[PDB]
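Structure data (PDB, C-alpha atoms and all ligand atoms) from target-v4.pdb:
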```
MODEL        1
ATOM      1  CA  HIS A   4       0.000   0.000   0.000
ATOM      2  CA  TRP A   5       1.088   3.653   0.421
ATOM      3  CA  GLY A   6       4.285   4.440   2.191
ATOM      4  CA  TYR A   7       7.477   6.422   1.918
ATOM      5  CA  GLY A   8       9.663   4.500  -0.569
ATOM      6  CA  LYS A   9      10.714   5.057  -4.181
ATOM      7  CA  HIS A  10       7.766   2.965  -5.300
ATOM      8  CA  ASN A  11       4.920   3.902  -2.913
ATOM      9  CA  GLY A  12       6.134   7.296  -1.561
ATOM     10  CA  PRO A  13       4.633  10.745  -1.552
ATOM     11  CA  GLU A  14       5.101  11.254  -5.329
ATOM     12  CA  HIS A  15       2.919   8.130  -5.884
ATOM     13  CA  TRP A  16       0.065   9.004  -3.566
ATOM     14  CA  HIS A  17      -2.066  10.964  -5.982
ATOM     15  CA  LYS A  18      -2.893   7.688  -7.891
ATOM     16  CA  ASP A  19      -4.922   6.278  -4.990
ATOM     17  CA  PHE A  20      -5.819   9.668  -3.451
ATOM     18  CA  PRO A  21      -6.294  12.281  -6.143
ATOM     19  CA  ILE A  22      -6.828  15.002  -3.507
ATOM     20  CA  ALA A  23      -2.968  14.841  -3.280
ATOM     21  CA  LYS A  24      -3.017  17.433  -6.038
ATOM     22  CA  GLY A  25      -5.834  19.440  -4.470
ATOM     23  CA  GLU A  26      -6.114  23.042  -3.558
ATOM     24  CA  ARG A  27      -5.299  22.888   0.235
ATOM     25  CA  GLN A  28      -2.609  20.236   0.635
ATOM     26  CA  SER A  29      -0.119  20.005   3.486
ATOM     27  CA  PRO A  30       2.624  20.471   4.426
ATOM     28  CA  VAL A  31       3.850  23.752   3.027
ATOM     29  CA  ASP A  32       6.881  25.897   3.200
ATOM     30  CA  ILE A  33       6.327  28.706   5.704
ATOM     31  CA  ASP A  34       7.754  31.815   4.182
ATOM     32  CA  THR A  35       8.141  33.865   7.399
ATOM     33  CA  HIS A  36       8.468  37.116   5.531
ATOM     34  CA  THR A  37       5.286  36.750   3.542
ATOM     35  CA  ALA A  38       3.193  35.394   6.479
ATOM     36  CA  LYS A  39       0.638  38.034   7.480
ATOM     37  CA  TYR A  40       0.701  39.239  11.060
ATOM     38  CA  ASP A  41      -2.846  39.176  12.346
ATOM     39  CA  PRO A  42      -3.400  41.160  15.670
ATOM     40  CA  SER A  43      -6.973  39.763  15.521
ATOM     41  CA  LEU A  44      -5.674  36.204  16.224
ATOM     42  CA  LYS A  45      -6.285  34.938  19.772
ATOM     43  CA  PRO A  46      -3.649  33.268  21.840
ATOM     44  CA  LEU A  47      -3.789  29.526  21.456
ATOM     45  CA  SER A  48      -5.413  27.843  24.422
ATOM     46  CA  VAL A  49      -3.756  24.444  25.005
ATOM     47  CA  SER A  50      -5.571  22.704  27.816
ATOM     48  CA  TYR A  51      -3.737  19.463  28.490
ATOM     49  CA  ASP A  52      -3.980  19.193  32.350
ATOM     50  CA  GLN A  53      -6.403  16.301  32.157
ATOM     51  CA  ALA A  54      -4.864  14.373  29.291
ATOM     52  CA  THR A  55      -5.272  10.599  29.321
ATOM     53  CA  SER A  56      -2.799   8.709  27.177
ATOM     54  CA  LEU A  57      -3.753   5.089  26.580
ATOM     55  CA  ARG A  58      -1.458   3.337  24.183
ATOM     56  CA  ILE A  59       1.402   3.654  21.734
ATOM     57  CA  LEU A  60       1.250   2.049  18.405
ATOM     58  CA  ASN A  61       3.527   1.429  15.456
ATOM     59  CA  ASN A  62       1.158   1.629  12.513
ATOM     60  CA  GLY A  63       3.789   1.021   9.902
ATOM     61  CA  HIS A  64       4.114   4.711   9.003
ATOM     62  CA  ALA A  65       4.926   6.387  12.346
ATOM     63  CA  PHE A  66       4.219   5.663  15.989
ATOM     64  CA  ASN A  67       1.101   7.162  17.519
ATOM     65  CA  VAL A  68       0.404   7.891  21.093
ATOM     66  CA  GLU A  69      -3.406   7.713  21.508
ATOM     67  CA  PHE A  70      -5.422   9.515  24.191
ATOM     68  CA  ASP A  71      -8.953   8.989  25.547
ATOM     69  CA  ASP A  72     -10.911  11.591  23.609
ATOM     70  CA  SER A  73     -14.383  10.537  24.993
ATOM     71  CA  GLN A  74     -14.598  13.670  27.204
ATOM     72  CA  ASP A  75     -13.176  17.210  27.028
ATOM     73  CA  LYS A  76      -9.922  16.302  28.771
ATOM     74  CA  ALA A  77      -7.085  17.582  26.551
ATOM     75  CA  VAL A  78      -8.352  20.366  24.368
ATOM     76  CA  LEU A  79      -7.168  22.983  21.927
ATOM     77  CA  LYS A  80      -9.147  26.150  21.431
ATOM     78  CA  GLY A  81      -8.788  29.851  20.739
ATOM     79  CA  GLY A  82      -5.926  30.815  18.426
ATOM     80  CA  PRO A  83      -7.553  30.826  15.015
ATOM     81  CA  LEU A  84     -10.213  28.315  15.998
ATOM     82  CA  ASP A  85     -13.943  28.629  16.512
ATOM     83  CA  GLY A  86     -15.030  26.028  18.989
ATOM     84  CA  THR A  87     -13.188  23.276  20.691
ATOM     85  CA  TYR A  88     -10.931  20.493  19.535
ATOM     86  CA  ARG A  89     -10.121  17.358  21.503
ATOM     87  CA  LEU A  90      -6.672  15.696  21.424
ATOM     88  CA  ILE A  91      -6.847  12.240  19.990
ATOM     89  CA  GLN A  92      -3.224  11.328  19.248
ATOM     90  CA  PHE A  93       0.244  12.634  18.565
ATOM     91  CA  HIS A  94       2.875  11.263  16.246
ATOM     92  CA  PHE A  95       6.092  12.489  14.611
ATOM     93  CA  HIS A  96       7.758  12.505  11.189
ATOM     94  CA  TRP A  97      11.548  12.315  11.160
ATOM     95  CA  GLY A  98      14.494  11.904   8.882
ATOM     96  CA  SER A  99      17.330   9.500   8.176
ATOM     97  CA  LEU A 100      19.671  12.308   9.237
ATOM     98  CA  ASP A 101      19.301  15.417  11.411
ATOM     99  CA  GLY A 102      19.286  17.703   8.411
ATOM    100  CA  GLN A 103      15.798  16.578   7.330
ATOM    101  CA  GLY A 104      12.661  15.072   8.739
ATOM    102  CA  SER A 105      10.147  17.849   9.181
ATOM    103  CA  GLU A 106       7.120  18.187   6.931
ATOM    104  CA  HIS A 107       6.633  21.940   7.193
ATOM    105  CA  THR A 108       9.688  23.991   6.423
ATOM    106  CA  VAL A 109      10.413  27.542   7.558
ATOM    107  CA  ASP A 110      12.050  29.641   4.847
ATOM    108  CA  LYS A 111      13.005  26.377   3.243
ATOM    109  CA  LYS A 112      14.738  25.102   6.396
ATOM    110  CA  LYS A 113      13.951  21.436   7.302
ATOM    111  CA  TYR A 114      14.094  20.474  10.964
ATOM    112  CA  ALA A 115      15.160  17.054  12.274
ATOM    113  CA  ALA A 116      11.559  16.104  12.985
ATOM    114  CA  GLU A 117       8.065  17.422  13.422
ATOM    115  CA  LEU A 118       5.521  16.577  16.132
ATOM    116  CA  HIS A 119       1.824  16.608  15.303
ATOM    117  CA  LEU A 120      -0.764  16.862  18.100
ATOM    118  CA  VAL A 121      -3.969  16.005  16.294
ATOM    119  CA  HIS A 122      -7.268  17.313  17.618
ATOM    120  CA  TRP A 123     -10.859  17.004  16.274
ATOM    121  CA  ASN A 124     -13.715  19.475  16.309
ATOM    122  CA  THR A 125     -16.096  18.583  19.173
ATOM    123  CA  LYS A 127     -19.115  19.575  17.111
ATOM    124  CA  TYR A 128     -18.677  16.526  14.827
ATOM    125  CA  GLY A 129     -18.727  14.154  17.702
ATOM    126  CA  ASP A 130     -15.845  11.991  16.719
ATOM    127  CA  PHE A 131     -12.628  11.804  14.759
ATOM    128  CA  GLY A 132     -14.017   9.654  11.968
ATOM    129  CA  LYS A 133     -16.753  12.192  11.267
ATOM    130  CA  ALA A 134     -14.574  15.294  11.800
ATOM    131  CA  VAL A 135     -12.093  14.238   9.002
ATOM    132  CA  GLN A 136     -14.879  14.421   6.499
ATOM    133  CA  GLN A 137     -15.330  18.118   7.278
ATOM    134  CA  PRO A 138     -13.375  21.184   6.131
ATOM    135  CA  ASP A 139     -13.017  22.372   9.716
ATOM    136  CA  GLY A 140     -12.788  18.894  11.193
ATOM    137  CA  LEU A 141      -9.251  18.927  12.634
ATOM    138  CA  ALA A 142      -6.736  21.194  14.254
ATOM    139  CA  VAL A 143      -3.207  19.846  14.155
ATOM    140  CA  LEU A 144      -0.571  21.574  16.304
ATOM    141  CA  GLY A 145       2.866  21.157  14.635
ATOM    142  CA  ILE A 146       6.035  21.604  16.624
ATOM    143  CA  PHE A 147       9.459  21.398  14.986
ATOM    144  CA  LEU A 148      12.243  19.377  16.586
ATOM    145  CA  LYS A 149      15.902  20.345  16.315
ATOM    146  CA  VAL A 150      18.843  18.399  17.593
ATOM    147  CA  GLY A 151      20.570  19.795  20.667
ATOM    148  CA  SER A 152      19.842  19.383  24.348
ATOM    149  CA  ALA A 153      17.490  16.527  25.292
ATOM    150  CA  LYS A 154      13.771  17.077  25.833
ATOM    151  CA  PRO A 155      13.266  15.308  29.171
ATOM    152  CA  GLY A 156       9.473  15.195  28.534
ATOM    153  CA  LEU A 157      10.058  13.087  25.425
ATOM    154  CA  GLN A 158      12.078  10.454  27.119
ATOM    155  CA  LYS A 159       9.180   8.322  28.323
ATOM    156  CA  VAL A 160       8.261   8.037  24.682
ATOM    157  CA  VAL A 161      11.795   7.229  23.502
ATOM    158  CA  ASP A 162      12.148   4.463  26.088
ATOM    159  CA  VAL A 163       9.049   2.438  25.005
ATOM    160  CA  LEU A 164       9.929   2.378  21.284
ATOM    161  CA  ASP A 165      11.914  -0.898  21.494
ATOM    162  CA  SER A 166       8.581  -2.552  22.653
ATOM    163  CA  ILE A 167       6.874  -1.319  19.412
ATOM    164  CA  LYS A 168       9.652  -1.932  16.892
ATOM    165  CA  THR A 169       7.639  -3.294  13.996
ATOM    166  CA  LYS A 170       4.315  -2.563  12.174
ATOM    167  CA  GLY A 171       1.277  -3.326  14.243
ATOM    168  CA  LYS A 172       2.921  -3.651  17.615
ATOM    169  CA  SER A 173       1.360  -1.652  20.421
ATOM    170  CA  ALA A 174       1.945  -1.083  24.084
ATOM    171  CA  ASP A 175      -0.014   0.317  26.966
ATOM    172  CA  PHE A 176       1.196   3.931  27.437
ATOM    173  CA  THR A 177      -0.537   5.618  30.350
ATOM    174  CA  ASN A 178       0.044   8.886  32.224
ATOM    175  CA  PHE A 179       2.129  10.549  29.495
ATOM    176  CA  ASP A 180       1.925  14.266  29.810
ATOM    177  CA  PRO A 181       2.020  16.038  26.365
ATOM    178  CA  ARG A 182       2.656  19.369  27.996
ATOM    179  CA  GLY A 183       6.272  18.224  28.310
ATOM    180  CA  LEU A 184       6.601  18.339  24.490
ATOM    181  CA  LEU A 185       5.693  22.019  24.150
ATOM    182  CA  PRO A 186       8.236  24.813  23.685
ATOM    183  CA  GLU A 187       8.006  27.923  25.844
ATOM    184  CA  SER A 188       6.356  30.171  23.310
ATOM    185  CA  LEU A 189       2.858  29.564  21.779
ATOM    186  CA  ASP A 190       3.474  32.082  18.927
ATOM    187  CA  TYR A 191       2.240  30.314  15.768
ATOM    188  CA  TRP A 192       1.587  30.401  12.077
ATOM    189  CA  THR A 193      -1.720  29.053  10.844
ATOM    190  CA  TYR A 194      -3.176  28.143   7.447
ATOM    191  CA  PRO A 195      -5.895  25.799   6.120
ATOM    192  CA  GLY A 196      -4.539  22.443   4.833
ATOM    193  CA  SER A 197      -4.837  18.685   4.889
ATOM    194  CA  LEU A 198      -3.722  15.409   6.457
ATOM    195  CA  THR A 199      -0.117  14.934   5.367
ATOM    196  CA  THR A 200      -0.646  11.250   4.828
ATOM    197  CA  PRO A 201      -3.250   9.326   2.857
ATOM    198  CA  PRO A 202      -6.218   9.917   2.762
ATOM    199  CA  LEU A 203      -4.853  13.458   2.525
ATOM    200  CA  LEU A 204      -8.269  14.890   3.449
ATOM    201  CA  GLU A 205      -8.583  18.647   3.410
ATOM    202  CA  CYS A 206      -9.980  18.959   6.944
ATOM    203  CA  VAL A 207      -7.091  20.492   8.898
ATOM    204  CA  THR A 208      -6.529  23.892  10.423
ATOM    205  CA  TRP A 209      -2.775  23.810  10.789
ATOM    206  CA  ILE A 210      -1.270  25.599  13.762
ATOM    207  CA  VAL A 211       2.600  25.515  13.530
ATOM    208  CA  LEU A 212       4.571  26.827  16.516
ATOM    209  CA  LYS A 213       7.289  29.336  15.728
ATOM    210  CA  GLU A 214       9.678  27.933  18.397
ATOM    211  CA  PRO A 215      11.168  24.427  17.934
ATOM    212  CA  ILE A 216      11.809  22.162  20.803
ATOM    213  CA  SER A 217      15.318  20.633  21.240
ATOM    214  CA  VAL A 218      15.788  16.969  21.386
ATOM    215  CA  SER A 219      19.054  15.092  21.760
ATOM    216  CA  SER A 220      20.751  13.246  18.999
ATOM    217  CA  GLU A 221      20.251  10.068  21.048
ATOM    218  CA  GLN A 222      16.484  10.749  21.367
ATOM    219  CA  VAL A 223      15.994  11.034  17.522
ATOM    220  CA  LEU A 224      18.394   8.153  16.864
ATOM    221  CA  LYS A 225      15.924   5.971  18.756
ATOM    222  CA  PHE A 226      13.082   7.058  16.342
ATOM    223  CA  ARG A 227      15.324   5.778  13.547
ATOM    224  CA  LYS A 228      15.563   2.261  15.010
ATOM    225  CA  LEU A 229      11.858   1.641  14.439
ATOM    226  CA  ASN A 230      10.707  -0.392  11.469
ATOM    227  CA  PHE A 231       8.151   0.254   8.620
ATOM    228  CA  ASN A 232       7.864  -3.596   8.145
ATOM    229  CA  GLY A 233       6.028  -6.053  10.310
ATOM    230  CA  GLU A 234       7.900  -8.604  12.555
ATOM    231  CA  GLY A 235       9.171 -11.365  10.152
ATOM    232  CA  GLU A 236       9.210  -9.285   6.949
ATOM    233  CA  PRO A 237      12.606  -7.796   5.760
ATOM    234  CA  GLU A 238      13.818  -4.891   7.911
ATOM    235  CA  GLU A 239      13.245  -1.352   6.568
ATOM    236  CA  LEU A 240      14.141   1.332   9.123
ATOM    237  CA  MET A 241      11.357   3.853   9.746
ATOM    238  CA  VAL A 242      13.089   7.009   8.585
ATOM    239  CA  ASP A 243      12.137   9.766   6.180
ATOM    240  CA  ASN A 244       8.389   9.324   6.848
ATOM    241  CA  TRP A 245       7.720  12.909   5.790
ATOM    242  CA  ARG A 246       5.848  14.456   2.936
ATOM    243  CA  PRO A 247       7.549  17.281   1.175
ATOM    244  CA  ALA A 248       6.181  20.787   0.944
ATOM    245  CA  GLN A 249       3.252  21.234  -1.326
ATOM    246  CA  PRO A 250       2.198  24.212  -3.388
ATOM    247  CA  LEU A 251       0.584  26.975  -1.352
ATOM    248  CA  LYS A 252      -1.803  27.762  -4.273
ATOM    249  CA  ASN A 253      -4.222  30.428  -3.140
ATOM    250  CA  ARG A 254      -3.726  30.353   0.688
ATOM    251  CA  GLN A 255      -2.114  32.870   3.027
ATOM    252  CA  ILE A 256      -0.240  31.903   6.143
ATOM    253  CA  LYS A 257      -1.158  34.080   9.093
ATOM    254  CA  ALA A 258       1.088  34.723  12.034
ATOM    255  CA  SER A 259       0.034  35.334  15.613
ATOM    256  CA  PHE A 260       3.226  37.333  16.137
ATOM    257  CA  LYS A 261       5.636  40.101  15.125
TER     258      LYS A 261
HETATM  259  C1  LIG A 301     -10.222   7.228  14.929
HETATM  260  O1  LIG A 301      -8.896   6.917  14.489
HETATM  261  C2  LIG A 301      -8.213   7.485  13.263
HETATM  262  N1  LIG A 301      -8.826   7.139  12.107
HETATM  263  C3  LIG A 301      -8.381   7.500  10.883
HETATM  264  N2  LIG A 301      -7.294   8.281  10.727
HETATM  265  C4  LIG A 301      -6.605   8.709  11.821
HETATM  266  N3  LIG A 301      -5.463   9.533  11.626
HETATM  267  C5  LIG A 301      -5.036   9.935  10.346
HETATM  268  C6  LIG A 301      -4.127  11.151  10.390
HETATM  269  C7  LIG A 301      -3.223  11.201   9.306
HETATM  270  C8  LIG A 301      -2.310  12.256   9.158
HETATM  271  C9  LIG A 301      -2.260  13.218  10.159
HETATM  272  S1  LIG A 301      -1.190  14.567  10.037
HETATM  273  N4  LIG A 301       0.218  13.843   9.489
HETATM  274  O2  LIG A 301      -1.590  15.451   9.006
HETATM  275  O3  LIG A 301      -1.039  15.097  11.398
HETATM  276  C10 LIG A 301      -3.174  13.219  11.249
HETATM  277  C11 LIG A 301      -4.105  12.130  11.412
HETATM  278  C12 LIG A 301      -7.033   8.317  13.139
HETATM  279  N5  LIG A 301      -6.177   8.840  14.274
HETATM  280  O4  LIG A 301      -5.067   8.494  14.424
HETATM  281  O5  LIG A 301      -6.646   9.690  15.176
HETATM  282 ZN    ZN A 302       1.681  14.047  10.968
ENDMDL
END
```

Can you turn what I pasted into C-alpha cells?
Amino acid sequence: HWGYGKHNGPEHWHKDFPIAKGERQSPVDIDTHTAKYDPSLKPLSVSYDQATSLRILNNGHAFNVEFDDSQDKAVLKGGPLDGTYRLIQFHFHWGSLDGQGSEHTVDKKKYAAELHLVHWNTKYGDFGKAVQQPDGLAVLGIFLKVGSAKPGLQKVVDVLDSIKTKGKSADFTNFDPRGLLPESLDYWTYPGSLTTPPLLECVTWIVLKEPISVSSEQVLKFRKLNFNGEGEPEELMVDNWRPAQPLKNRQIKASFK
C-alpha cells in the first residue's frame, strides 16, 4: 500500500488519493516574511492538564500515542479556531539524518523532525466524522531540532523498542504532552490537509514558531523503528515525511511580530 519509498512514496500518492493534487494540501513551506501578522488572532489555548494517554502504536508509518478523547480532557481552542478540539493522538515525522525530517519547512529550512498533536472538532462528535469536514481537525505542529534533550520526550523514547515493527502496540498511560511544548505559543496558521493518505482537506494547521530541542540520542531511537512487520525484511522507519506542497491560493497568518 502507500508508504514512503521510491515505489509507494509521496510522489505516488495521488494515484490512490487524487486530492494529493488538491487546492489545500499540506505540508507547506512557511515563508516567514510573507506570512501576514494578524493582531486579531487569539492566543492559542492548550488545555492538556487532564490528558489521558492510553497506548502507543507502530502503525507502519509512524508511531502514535493515543489519548482517551471521549470527554473534554485535553483540548485545543482559541488561536484561530472557533469552537473546541479534543486531542486524539500525537505522532512524529523524522528523517534519516538530522538535516531533514520535518514536513513543514520555515524559509526552506527542514528540521530534524516534526511533532503533530492532532485534535478534532467537538461539534462533529468523533474523529471519523470530523475528518470528512473542512473544519474537522486542528493539528498543532512543533518542529524538533537536535541539541539538548527534551526530558518530557524520554518516556516516549524508552518504550519504542517494545513497538519496533508494524502493528505492535503497548499500553502507554500517564504521558503528559505538555512536556513536548516549547516555551512560546506564537504560531503560524493556514488551512490544509492530512499529510498522509487519505490526505483529506480537513485540517486547520497551527505551527509553533519555536522548535523544541531533542538530543541526537532521542531522535536516533526514532530511527531504530521499522516500517515492516515482525518477520518481513527490515526497513528502518526514517524519512516518513511528505515534502512541501504548493501553497496555491492560501495565506499563512502569524500570531506574532
Ligand atoms: C479514529 O482513528 C483514526 N482514524 C483514521 N485516521 C486517523 N489519523 C489519520 C491522520 C493522518 C495524518 C495526520 S497529520 N500527518 O496530518 O497530522 C493526522 C491524522 C485516526 N487517528 O489516528 O486519530
Ligand atoms: Zn503528521

As a quick test: using all atoms listed in the file, which residues lie no more than 7 Å away from ligand ZN 302 (chain A)? Give them as an mmCIF file with C-alpha atoms, in the frame of the given file.
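The new file selection10.cif reads:
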```
data_model
loop_
_atom_site.group_PDB
_atom_site.id
_atom_site.type_symbol
_atom_site.label_atom_id
_atom_site.label_comp_id
_atom_site.auth_asym_id
_atom_site.auth_seq_id
_atom_site.Cartn_x
_atom_site.Cartn_y
_atom_site.Cartn_z
ATOM 1 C CA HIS A 94 2.875 11.263 16.246
ATOM 2 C CA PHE A 95 6.092 12.489 14.611
ATOM 3 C CA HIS A 96 7.758 12.505 11.189
ATOM 4 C CA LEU A 118 5.521 16.577 16.132
ATOM 5 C CA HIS A 119 1.824 16.608 15.303
ATOM 6 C CA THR A 199 -0.117 14.934 5.367
#
```

Quiz item: Which residues form the shell of 10 Å around ligand LIG 301 (chain A) when you count all atoms listed in the file, given as an MDAnalysis selection string?
Solution: chainID A and resid 28:30 60 62 64:70 72 90:96 106 117:123 130:135 141:145 196:209 244:246

For those residues, write C-alpha atoms to a file as a tab-separated table (two decimals), in the coordinates of the input.
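Dumped to part-v2.tsv:
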```
chain	number	residue	atom	x	y	z
A	28	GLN	CA	-2.61	20.24	0.64
A	29	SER	CA	-0.12	20.00	3.49
A	30	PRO	CA	2.62	20.47	4.43
A	60	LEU	CA	1.25	2.05	18.40
A	62	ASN	CA	1.16	1.63	12.51
A	64	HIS	CA	4.11	4.71	9.00
A	65	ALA	CA	4.93	6.39	12.35
A	66	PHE	CA	4.22	5.66	15.99
A	67	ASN	CA	1.10	7.16	17.52
A	68	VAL	CA	0.40	7.89	21.09
A	69	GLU	CA	-3.41	7.71	21.51
A	70	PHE	CA	-5.42	9.52	24.19
A	72	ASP	CA	-10.91	11.59	23.61
A	90	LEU	CA	-6.67	15.70	21.42
A	91	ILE	CA	-6.85	12.24	19.99
A	92	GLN	CA	-3.22	11.33	19.25
A	93	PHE	CA	0.24	12.63	18.57
A	94	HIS	CA	2.88	11.26	16.25
A	95	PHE	CA	6.09	12.49	14.61
A	96	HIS	CA	7.76	12.50	11.19
A	106	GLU	CA	7.12	18.19	6.93
A	117	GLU	CA	8.06	17.42	13.42
A	118	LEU	CA	5.52	16.58	16.13
A	119	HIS	CA	1.82	16.61	15.30
A	120	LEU	CA	-0.76	16.86	18.10
A	121	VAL	CA	-3.97	16.00	16.29
A	122	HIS	CA	-7.27	17.31	17.62
A	123	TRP	CA	-10.86	17.00	16.27
A	130	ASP	CA	-15.84	11.99	16.72
A	131	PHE	CA	-12.63	11.80	14.76
A	132	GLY	CA	-14.02	9.65	11.97
A	133	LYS	CA	-16.75	12.19	11.27
A	134	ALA	CA	-14.57	15.29	11.80
A	135	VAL	CA	-12.09	14.24	9.00
A	141	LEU	CA	-9.25	18.93	12.63
A	142	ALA	CA	-6.74	21.19	14.25
A	143	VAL	CA	-3.21	19.85	14.16
A	144	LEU	CA	-0.57	21.57	16.30
A	145	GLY	CA	2.87	21.16	14.64
A	196	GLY	CA	-4.54	22.44	4.83
A	197	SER	CA	-4.84	18.68	4.89
A	198	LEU	CA	-3.72	15.41	6.46
A	199	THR	CA	-0.12	14.93	5.37
A	200	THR	CA	-0.65	11.25	4.83
A	201	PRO	CA	-3.25	9.33	2.86
A	202	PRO	CA	-6.22	9.92	2.76
A	203	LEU	CA	-4.85	13.46	2.52
A	204	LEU	CA	-8.27	14.89	3.45
A	205	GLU	CA	-8.58	18.65	3.41
A	206	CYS	CA	-9.98	18.96	6.94
A	207	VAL	CA	-7.09	20.49	8.90
A	208	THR	CA	-6.53	23.89	10.42
A	209	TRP	CA	-2.78	23.81	10.79
A	244	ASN	CA	8.39	9.32	6.85
A	245	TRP	CA	7.72	12.91	5.79
A	246	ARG	CA	5.85	14.46	2.94
```

Quiz prompt | Nearest residue to residue A:229 from the set A:35, A:124, A:50, A:99 (distances using all atoms listed in the file) | solution =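 Once distances to residue A:229 are computed over all atoms listed in the file, the minimum belongs to A:99.
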
At a cut-off of 7 Å around the point (-4.0, 16.2, 26.1) (file coordinates), what residues fall inside when counting only C-alpha atoms? I'd like the answer as a PDB file with C-alpha atoms, keeping the file's coordinate frame.
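Wrote point-v6.pdb, looks like this:
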```pdb
ATOM      1  CA  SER A  50      -5.571  22.704  27.816  1.00  0.00           C
ATOM      2  CA  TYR A  51      -3.737  19.463  28.490  1.00  0.00           C
ATOM      3  CA  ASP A  52      -3.980  19.193  32.350  1.00  0.00           C
ATOM      4  CA  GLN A  53      -6.403  16.301  32.157  1.00  0.00           C
ATOM      5  CA  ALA A  54      -4.864  14.373  29.291  1.00  0.00           C
ATOM      6  CA  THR A  55      -5.272  10.599  29.321  1.00  0.00           C
ATOM      7  CA  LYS A  76      -9.922  16.302  28.771  1.00  0.00           C
ATOM      8  CA  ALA A  77      -7.085  17.582  26.551  1.00  0.00           C
ATOM      9  CA  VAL A  78      -8.352  20.366  24.368  1.00  0.00           C
ATOM     10  CA  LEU A  90      -6.672  15.696  21.424  1.00  0.00           C
ATOM     11  CA  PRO A 181       2.020  16.038  26.365  1.00  0.00           C
TER      12      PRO A 181
END
```

Exercise. Have a look at atom CA of residue A:61 and atom CA of residue A:4 and let me know their distance in Å, one decimal.
Key: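 Result for atom CA of residue A:61 versus atom CA of residue A:4: 15.9 Å, one decimal.
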
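With only C-alpha atoms taken into account, every residue lying no more than 10 Å from the file point (-3.7, 35.8, 25.1) is included here: residues 44, 45, 46, 47, 48, 81, 82 and 189 of chain A.
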
Quiz prompt | Selection result for the PyMOL selection byres (((chain A and resi 86) around 8) and not hetatm) on this file, as a PyMOL selection string | solution = chain A and resi 80-81+84-85+87-88+124-125+127

Quiz prompt | Which residue of A:217, A:173, A:32, A:152 approaches residue A:251 most closely, using all atoms listed in the file | solution = A:32

Repaired coordinates for stretch 34-45 of chain A (N, CA, C and O atoms) as an mmCIF file, keeping the file's coordinate frame:
```cif
data_model
loop_
_atom_site.group_PDB
_atom_site.id
_atom_site.type_symbol
_atom_site.label_atom_id
_atom_site.label_comp_id
_atom_site.auth_asym_id
_atom_site.auth_seq_id
_atom_site.Cartn_x
_atom_site.Cartn_y
_atom_site.Cartn_z
ATOM 1 N N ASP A 34 6.928 30.666 4.578
ATOM 2 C CA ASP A 34 7.754 31.815 4.182
ATOM 3 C C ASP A 34 7.490 32.938 5.249
ATOM 4 O O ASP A 34 6.453 33.626 5.219
ATOM 5 N N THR A 35 8.409 33.071 6.196
ATOM 6 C CA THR A 35 8.141 33.865 7.399
ATOM 7 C C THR A 35 8.044 35.326 7.096
ATOM 8 O O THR A 35 7.602 36.095 7.933
ATOM 9 N N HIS A 36 8.481 35.721 5.904
ATOM 10 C CA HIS A 36 8.468 37.116 5.531
ATOM 11 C C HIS A 36 7.185 37.439 4.847
ATOM 12 O O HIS A 36 6.657 38.526 5.055
ATOM 13 N N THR A 37 6.612 36.503 4.121
ATOM 14 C CA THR A 37 5.286 36.750 3.542
ATOM 15 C C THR A 37 4.061 36.274 4.401
ATOM 16 O O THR A 37 2.910 36.496 4.027
ATOM 17 N N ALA A 38 4.303 35.669 5.557
ATOM 18 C CA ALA A 38 3.193 35.394 6.479
ATOM 19 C C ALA A 38 2.589 36.723 6.996
ATOM 20 O O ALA A 38 3.321 37.663 7.291
ATOM 21 N N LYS A 39 1.268 36.796 7.087
ATOM 22 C CA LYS A 39 0.638 38.034 7.480
ATOM 23 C C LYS A 39 0.407 38.046 8.995
ATOM 24 O O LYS A 39 -0.335 37.177 9.571
ATOM 25 N N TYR A 40 1.019 39.035 9.644
ATOM 26 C CA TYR A 40 0.701 39.239 11.060
ATOM 27 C C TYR A 40 -0.771 39.605 11.209
ATOM 28 O O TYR A 40 -1.311 40.418 10.444
ATOM 29 N N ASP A 41 -1.451 38.906 12.111
ATOM 30 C CA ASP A 41 -2.846 39.176 12.346
ATOM 31 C C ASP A 41 -3.147 39.470 13.858
ATOM 32 O O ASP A 41 -3.422 38.540 14.627
ATOM 33 N N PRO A 42 -3.047 40.766 14.288
ATOM 34 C CA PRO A 42 -3.400 41.160 15.670
ATOM 35 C C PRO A 42 -4.826 40.766 16.111
ATOM 36 O O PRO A 42 -5.135 40.837 17.310
ATOM 37 N N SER A 43 -5.673 40.337 15.171
ATOM 38 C CA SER A 43 -6.973 39.763 15.521
ATOM 39 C C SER A 43 -6.929 38.295 16.015
ATOM 40 O O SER A 43 -7.947 37.761 16.491
ATOM 41 N N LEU A 44 -5.784 37.621 15.865
ATOM 42 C CA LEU A 44 -5.674 36.204 16.224
ATOM 43 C C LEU A 44 -5.545 36.078 17.737
ATOM 44 O O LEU A 44 -4.767 36.799 18.352
ATOM 45 N N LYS A 45 -6.290 35.149 18.326
ATOM 46 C CA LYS A 45 -6.285 34.938 19.772
ATOM 47 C C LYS A 45 -5.106 34.091 20.164
ATOM 48 O O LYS A 45 -4.508 33.390 19.286
#
```
